[PDB]
């Protein structure tokens, strides 16, 4: 029950209400929470002191959109250069083929999730929201049990987002029977996950969310169902939003825009955060803001699939909450959140070539990846380095040869480096990474183990 001190951090970016940063400053930790943040803190009831000299400290990075099972589908030649239609077809084909061959059961997904989630810690990420849409079995399998087990083993903070594809071919589905479950089955299963796994109190380490694949992949009945369950059980809602093909297929299926659909079926609320949001009509943006929905920027896939640049500046001008994510490793193909910020830093600029003020800055992006994502997930206890918040902390060394000459360390973190490896990482007050190595997890064993279970 004794405390931890991180002394002499070169720089501490807090993302509190003032955007306070501190130099040569400390973080005092008591169990799961941050006791204090400032210069020269007392080491009185302290049982361990850690030298932060030459490090920048940020709140733990929070990846607000993952598909862990896709770590098994990395760098596939046939999928290197495909449009979404071929990509989606190729992923489902593979996951389906592997499953019924017996090579893709929960025990496999568990070890795939273990590796990617460990990669996540190693990249400064302390919270991950995974969206798992793949439930064949006919009793809904224990895939989410499997990812929760991996996360819990490793000590990373975790949001399981129960996903699906309830709208089949005969209903206008571009999906498959195998993966089409009845709404009630999806609803019943979610109820059980909440009762069993959901930790609604401050500093909760596992939380359940409800997440249809999308407005054109799921029955409107599921959206209304989840909207009731979210109010009743006080959990959050998640889905994909304004992918380029959506506004076309939504209108074909419902004669309305995806936003209008969400609004009808109870999802224009502050319990909702939304993935990608690449191509909305501009007139709806002020409606996103009044409704209090959050959005997650996912640059690597939006680029990987040819989709382009989501109007992130417009969301920020509108006062909409923006978070950040990597999406799955079949369209990234990494879980490197930090590296992905450099992508967003650079690729937005050609769209406003003469208005650099519009361009996203390093500090806006880091905010997205911490406090922005915290608010996507409805975690007022995360994403900020201040007393009373969770002791979720990620630190990077600034004294490498690849970062000589850096004038601002926050900007340098995005714009320079041969490596995005974090040095020190603290989740829930537990040191899980030190000297860029896992302190509790066995890295080599995990790598050999997971590698042996990857389907050919």
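Numbering follows the first chain given and starts at 1.
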Q | Higher-scoring stretch by recorded Cα B factor average, 260-268 or 170-178 | A | 170-178
Q) Do the CA atoms of 70-78 or those of 136-144 have the higher mean B-factor in the entry? A) 136-144
Q. Hey, out of 293, 122, 249, 299, whose CA B-factor is highest in the deposited coordinates?
A. 249
Q. According to the deposited entry, which of 44, 403, 421, 65 has the largest Cα B-factor?
A. 44
Q | Modelled-residue ranking by C-alpha temperature factor, third containing residue 27 | A | middle
Q: Please place residue 207 in the lowest, middle or highest third of its chain by C-alpha B factor as given in the entry.
A: lowest
Q: For residue 354, return the chain-relative third of its C-alpha B-factor as stated in the PDB record: lowest, middle or highest.
A: highest
Q | Within-chain third of residue 106 by Cα B-factor, per the entry | A | highest
Q: Could you look up the Cα B-factor of residue 440 in the entry and say which third of the chain it sits in: lowest, middle or highest?
A: middle
